[PDB]
Structures are given as structure tokens and as C-alpha cells.
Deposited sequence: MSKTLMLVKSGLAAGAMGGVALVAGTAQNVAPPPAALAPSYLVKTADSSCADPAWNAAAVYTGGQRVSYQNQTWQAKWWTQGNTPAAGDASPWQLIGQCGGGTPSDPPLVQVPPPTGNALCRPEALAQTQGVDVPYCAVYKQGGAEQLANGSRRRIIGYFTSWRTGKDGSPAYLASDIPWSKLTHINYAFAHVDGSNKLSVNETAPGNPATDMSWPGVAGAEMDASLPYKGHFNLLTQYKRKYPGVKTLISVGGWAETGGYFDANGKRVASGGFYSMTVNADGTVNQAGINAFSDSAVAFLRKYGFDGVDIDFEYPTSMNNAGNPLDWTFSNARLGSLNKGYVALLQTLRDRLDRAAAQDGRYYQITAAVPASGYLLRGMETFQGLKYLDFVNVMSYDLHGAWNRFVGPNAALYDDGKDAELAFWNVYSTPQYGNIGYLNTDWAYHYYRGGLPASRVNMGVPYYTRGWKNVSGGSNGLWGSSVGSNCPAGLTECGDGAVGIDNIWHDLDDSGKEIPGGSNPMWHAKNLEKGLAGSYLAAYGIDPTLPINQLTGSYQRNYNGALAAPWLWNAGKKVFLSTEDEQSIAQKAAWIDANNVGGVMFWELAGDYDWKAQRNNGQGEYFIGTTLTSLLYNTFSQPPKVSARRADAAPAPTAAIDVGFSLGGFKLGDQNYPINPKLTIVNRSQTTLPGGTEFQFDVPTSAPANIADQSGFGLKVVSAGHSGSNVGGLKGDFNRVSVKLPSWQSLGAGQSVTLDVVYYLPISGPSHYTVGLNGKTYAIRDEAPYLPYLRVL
């Protein structure tokens, strides 16, 4: 059949990342950051992204250990995310740059070698140092992260009090449930101005979370989030599409490229309320928050960031996930599952998986095996929680937050250097600097912290049998195991929270006796692995047929997941009955996807079968559905069918249309192939 010829891509279009949505007609300068074919030009000779979160609040001004921009391992990273900007009362991106003494732009560190201010920049603070060091390391990108858990829905004032402004929720969705175009425009324009002003290379959206699951947000945000559940997906897609548009236009004007990234949830629960993550097409890449999968907000004691399911996750067992036939023995609270979820709508090159450089932990743990998959129920829950685990405290919780009364909030949160000292039987000479009285019982080292490791989970932890304390850790053994998995799956890279938690042995500390402290062991392991060779070694025509899943219920009602699939014929040909549509569904969902409309939709190629212990065994389950023999799809017309699947997916992707003996790609995915207009 004759096809319609399309002009081939030229110039910058030859460097567009695979599947990234470009702003039509705008000369976006992709080749400034990407290679031909769309792979990223990465700093320091690395094969993988190595993305470190830098937190703004470790300035050392209160006497606690500082971690400054000059302490960053610039020669071993590819990207640095600055945490956090927020959405202010005028819906603009803000770091309180105009507040006297603010750490971003109005702070200095006299006498600290390497932290000297460049007098030629019209700002001081962290940003001054970031600008300076980027000159020495010109390939390293900086991005401004916006939101996070505490400031997704509000922001802190000068007195440390939180203003419940609504943040992302009110900026993206009006109180009446419609998308807030004015707010999204103000924010997007402000992001462009911010990038231009401070020399950032991109914006990292850390909206926690645009999900329709009830009570999923920070409890402090529920009056905003719960009122918007049905609208948050549309609001988030509008935010990302508009941000993409404004940054693409700015990039074309400035002759340099601006990235949009997002910190995105690993939780299958959160994702159940996020439709198919339609917004992925706007993102240069995602940073998957494959950590805080378990923690003392509930009683289920286990790894913070398991790589794999082991069939024994105590939380999943409690909810009957392993035993329900429909779930096909897929357990989802793990890094591998989350990665495979995001491949539904992204190539591997645009996904980076997160790891923690910090601990979470419980005390008074019962059951389990050396605490693993045990139980720890707590009392006097943190504000907003109606149940909690018994979070570890004192010497087991040195990176705690404080409540309004100035009291430590339990949770077993520590930098990994402190966890390494506990393992060694060292209390840490820095305790007093954190305002921790080392003479108090809860702040003394009692019992023995025994390191455990589970290779099925790629998870280390400390178990203190005397205190019944379980601290989930991350160290060289688990990083090496995850790094192997990254390389073998050719994943885009690795993200970590946070730089200040990485460690080294410091022989001179502790009166010359030595202890662990701030360092670069884990980042160095990642870099050394990814900058050297790995340890281990299509349709020619298209048709304009469109596919989309929609009609999702509110998240709490989305069991099982049964959206409507709409197929639209935008060719000038009638698709005869028997025409076959295929597409890839990520293996995050069991390979039992079906339709409820009598179409006979089924998996024709299973990338994964059986339990996912030891990891999912492939990327995609390819699905086929045919028009019934008697039913055509006319030019310009649509047909819908109800589908059902059992765990969240993004995408789908990689569509083909099987028409009169020939297989076509679709123009939405393959815009430069010659295409079928008439047949």
C-alpha cells in the first residue's frame, strides 16, 4: 500500500531522548545535553547518572556537623539536586532568596577552606558555591528540587513555623476541582526566571503526592489534598506539560537546555491513585524514591529499600497480597518492582533508582528473625498519625526531627556513618554537637549492634537483641548488589538521599582513636563501578491510531484496576474486523490482564510468569486485542473497551496495528515513519 512520506528529523531533533514529548516546532537545543539518539552526555566519564540530593539545612550555624556545597564529591557525580524550594503564596518557586540570612543566597562560612564566596556573583550562600564548583566541573548538572514531604503543601516561616498554604495542591488545582491554569502559569514562568537567575540546569518536581488515594498526603495537607482527589492527576499533567512548554521555549531562546525531572513514588499503593502516570512523557528523567518502603510510621519491621521481593514482606502478608490468586505472586514493595512499573511509560535510559544514605528503625521489636519481618507497635503517635510503629530513639535516632514541644520524634533515623559507628561499638564524638546528652540512658551505647544481611532482599541491617532494636541500613554490600542490577538492566542511573549521610573512616577523629563520619564511600563505590567497564558483559511504516487508558475511579475504589481503553482511528481507512492491536504492558502487573467487554484481550507474550522472588524476569507482557471479525473501526471513529489488571502500570507503550497482513507502528510513537493514509 502507498504511504505518505515524512521529512526526516534534522539538527537538534536527532538528539531528542526516546519517547520524550517535545514542544512542537520549537527548536529545543537537545544536542547541548544529549547525544544523537538521545542518550545523555554525562559528567566525569560515567555510564550511569549518579544523582545526589544536597540538603540546604546542614549549615553548621547551630554547631551541628555542616555539609556544604564544597563537601560534595563533584568528581564522582553527574547531577546534584538542591533540596528544597517550595511553592510560595503567589504560586511561585521560592527559596526565600530575599530573606536576610537565608542559606541559599545570603550566608557565608568565614574560615572554612573551600567555602569562600565569589564576590562577582549577586548572591552568597549555597548557590554561590554551586556556581563556582560547576566551573571546575562543567559537565555536572544542578537542579532545583521543589516540594518534598514537609513543603509540598506549605512552607516554613522565619520562626520555623509551617504555613499551611496548600503548596502544589492549591497551585495545580482550584478549590472547585478545576485545574488552576493561572497558578501553573505563574509557577512555570517563575521556574524559568529562577533557572536563569541562579544558573541551574533544571527543575526537579518533588510533589508528594498527586494521587487520588484518600489520606495519602502529609497529614498536614489533608484539608487540601482530600478535597482534590479526583482532580490531582489532571492538575499534575497540566503542571508538567506547561513546565515542559515554558522550559523548551526558554531553552530555544537561551541556546542552552533545561531539564525537567521528578522525584516519583515507588509505592504501589500511591501509584494506584495515579492512573497511568501520563505525565512521564514530559520528564527528561525520573528519580524513583525506592526507599522509605518501610519505617516506623507503622509496625511492620523490615528493609527501608529492598531490591527484591522475598515472598515474606510482613505488610504484604497482612493484606493478603501473596495469597490472592489475581496478584500472581507478585510482591511490589521493592526497587525492582518500581523500576518495572516506570518502564511502562519510559525507556530505561530515563529512569534512575533511589537508594538511602540514612537509616530507619524500630525499638521493642517482637517476632521476625533478628527483627526482620517482626512487629513493633508504638504509642503516642506523631501528629497526624492514628497508629504508628515504636520508632527507635536517642543514640538510635540522631537525625531526628523535633515536634512542636521541642521533643525528639522517634523513628530510628541516622546518617550511615553513625550506623557504621554503632556496628563498631562507637557512640560517636559528634553526639553533643547534635544537642544529644550522652549521659542520658537512651543516648548511651547498650547491648551489641549485630550486622545482618539478606541477599534475597539486598538488605543490610543492625539488630540489637538486648534492646530489640532493628535499624535498616545501606552499605557497600547492598550498594554493590544494586549497582550490578543497575548495570545489567542498563538503568539510567542511581539517585541517593542525601549527600551528608555518606561515610568514611576518619582515623584522627575521637582523640586519634578514630570513628566514621561524613565521607564518600558509597558514592565512590557507585562512581568506580559506573566509570569503568561493566563486571558482567521493527515496523517500517506507521498508522495514526491513538490509544489511551482513562475513566479511572478514585484510588481507594480502584480494586481491581479497571480503566477504559479508547482506540481512535485517525487514518482515512476503515480498519476491518480482525485488525489486531498489540502493546507492551509493564511486568509490574501480573500477566493476567483481560477485558470486560467480550473482546478477548490477552497476553500473547509473557515477559514474567510465576513469583517475582529474585526479581521480575522481563520488562513487558505483550498484549493483543482484535476488533471482532464482524466489527470495523471507521475513519475518524473510536471504540472503547473495559480492561482489568491487578497492580499499577504506566504507559502502556510500543503499540502496533496489524492490518491486512502488515504490521504498523503508530504515529504517536513513530512520527517519522512513512504512514498509511488510504488503503
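Quiz item: What's missing from the model if you number the deposited sequence from 1?
Solution: No coordinates exist for the deposited residues in 1-106, 644-651, so these stretches are absent from the model.
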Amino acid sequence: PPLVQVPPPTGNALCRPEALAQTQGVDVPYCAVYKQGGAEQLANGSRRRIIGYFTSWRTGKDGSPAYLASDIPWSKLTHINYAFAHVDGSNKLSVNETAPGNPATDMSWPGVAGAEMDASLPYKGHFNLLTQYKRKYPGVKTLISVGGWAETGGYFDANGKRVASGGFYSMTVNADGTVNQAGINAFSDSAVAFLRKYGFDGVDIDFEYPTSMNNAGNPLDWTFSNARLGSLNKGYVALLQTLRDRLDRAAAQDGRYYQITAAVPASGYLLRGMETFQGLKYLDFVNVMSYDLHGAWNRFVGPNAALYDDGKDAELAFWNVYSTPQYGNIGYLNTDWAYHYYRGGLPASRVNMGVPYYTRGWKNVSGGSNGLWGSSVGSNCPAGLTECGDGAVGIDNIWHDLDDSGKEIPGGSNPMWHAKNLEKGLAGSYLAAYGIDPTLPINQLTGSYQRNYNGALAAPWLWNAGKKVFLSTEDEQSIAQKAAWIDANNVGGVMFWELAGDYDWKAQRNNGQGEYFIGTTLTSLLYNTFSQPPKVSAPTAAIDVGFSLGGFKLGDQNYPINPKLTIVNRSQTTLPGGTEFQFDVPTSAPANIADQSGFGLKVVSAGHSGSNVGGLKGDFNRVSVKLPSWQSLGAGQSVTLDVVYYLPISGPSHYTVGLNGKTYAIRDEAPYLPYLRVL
From here on, numbers count along this sequence of modelled residues.
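Quiz item: Comparing 493-501 with 369-377, which has the greater mean CA B-factor as deposited?
Solution: Per the PDB entry, the higher value belongs to 369-377.
Quiz item: Which has higher Cα B-factors on average according to the PDB entry: 262-270 or 561-569?
Solution: Mean C-alpha B-factor is greater for 561-569.
Practice problem: Just grab whichever of 354, 534, 183, 199 has the top CA B-factor as deposited. | Solution: It is 534.
Exercise. Report the option among 544, 309, 97, 245 whose CA atom has the maximum B-factor in the deposited record.
Key: Checking the PDB record, the top C-alpha B-factor among 544, 309, 97, 245 is at 97.
Exercise. Could you say whether, by C-alpha temperature factor, residue 548 belongs to the lowest, middle or highest third of its chain?
Key: It belongs to the highest third of the chain when residues are ordered by C-alpha B-factor.
Quiz item: Would the CA B-factor of residue 254 place it in the lowest, middle or highest third of its chain?
Solution: Ranked within chain, residue 254 CA B lands in the highest tercile.
Quiz item: What third of its chain, lowest, middle or highest, does the C-alpha temperature factor of residue 166 fall into?
Solution: Ranked within chain, residue 166 CA B lands in the middle tercile.
Quiz item: Based on the entry's values, in what third of the chain does the Cα temperature factor of residue 45 lie: lowest, middle or highest?
Solution: Answer is middle: the recorded C-alpha B-factor places it there.
Quiz item: When the modelled residues of the chain are sorted by Cα temperature factor, does residue 63 land in the lowest, middle or highest third?
Solution: Its C-alpha B-factor, which the entry lists for residue 63, ranks in the highest third among residues of this chain.
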